[PDB]
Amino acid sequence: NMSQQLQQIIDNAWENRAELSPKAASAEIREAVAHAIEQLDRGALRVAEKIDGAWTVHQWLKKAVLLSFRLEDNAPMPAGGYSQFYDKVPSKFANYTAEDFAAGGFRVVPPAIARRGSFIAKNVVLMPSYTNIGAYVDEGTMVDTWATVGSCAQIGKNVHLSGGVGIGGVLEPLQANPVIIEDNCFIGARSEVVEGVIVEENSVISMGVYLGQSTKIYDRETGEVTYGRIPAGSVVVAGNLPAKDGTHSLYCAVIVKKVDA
C-alpha cells in the first residue's frame, strides 16, 4: 500500500503538472517525487518488469522521472577547474560515501557516470559510459567503454554491452516499453538497440547491428521478416536484403543461428 499511496500522489501531480515548477510545488508532491527517484535509484522500484509473464511498464514511474525534471532548475556543476557543467539532474554518485560504494558492489571507472534515479546492481562494471535516469542495470553486467544505457532501459544479469554500444531511452511515450536486454545477452561493439526493441535472453548480437522498430529482422532458416524482437538464444549479424530490381540492397539484421541455454 506504500507504493499504492505513492502512485496516487504522483498520478495526481502529473494531471496537475502545469501547477508545478522549481519555485512552486507542495511539500507532499516534492517528497513523493523524491521518494520515487530514491526507490528507482536503489532498485526497489523499476520502470518496467515482468508482470504475469509479460514485460510491463509502470507509467507512473516515468511520470515521476518527468516531474523530477519539472521540479528542479539547472545549476552550475563544479569539476575542479578545467570545465563546468550545467544541468538539473544530479549524478547518482554525487553524495556517495566510501561506505555507500563498498555496499553497492559495483565499479565506476573514470570518467563513467550515472544519473540519480538509475539502479546499478552488485558486480556491475561501468567502464567510461553513460547510464541515464530510470535505467536498471542488473548484477554482473559489463558496460564497456563509450556505451550508453538510455533512459528507463532494463538490462538483465550478466549482460555484456560492448564498446560503443547504444541502448536507446524511452521515457516518452509514457505507454511505450523501454528497451529491454534480457539476461546473459552479448551485444557486440558499435551495435544499437533503440525504440523499445526487446532482445530476449541468451542472445548473441554481433558488431554493427542496429535494431530499431523499423529494422527488418530476417530469420535465415524460415525466410520470415519480423520487427521489434530478438527471440531468446538468437545469434544476430548485420546483413542486407536485395531490392527486387537487383540494383541495390538495404540494411537488415539476420538471425543466423538459434541456441539453447
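One rule holds for the numbers: they count along the sequence shown, beginning at 1.
K.L.:
Averaging CA B factors per stretch from the PDB record, which one is higher: 150 to 158 or 167 to 175?
P.N.:
Result: 167 to 175.
K.L.:
Would you determine, from the values in the PDB entry, which of 191 to 199 and 51 to 59 has the greater average C-alpha temperature factor?
P.N.:
Between 51 to 59 and 191 to 199, it is 51 to 59.
K.L.:
Just grab whichever of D87, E99, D138, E182 has the top CA B-factor as deposited.
P.N.:
The listed residue with the largest C-alpha B-factor is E99.
K.L.:
Name the third of the chain's ranked CA B-factors that contains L40, choosing lowest, middle or highest.
P.N.:
Its C-alpha B-factor belongs to the lowest third of this chain's values.
K.L.:
Comparing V204 with the other modelled residues of its chain, is its CA B-factor in the lowest, middle or highest third?
P.N.:
Ranked within chain, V204 CA B lands in the middle tercile.
K.L.:
Considering every modelled residue of the chain and its Cα B-factor in the PDB entry, is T145 in the lowest, middle or highest third?
P.N.:
Lowest third.
K.L.:
So where's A64 on the chain's Cα temperature factor ranking, which third?
P.N.:
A64: CA B-factor falls in the lowest third of its chain.
K.L.:
Would the CA B-factor of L71 place it in the lowest, middle or highest third of its chain?
P.N.:
Ranked within chain, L71 CA B lands in the highest tercile.
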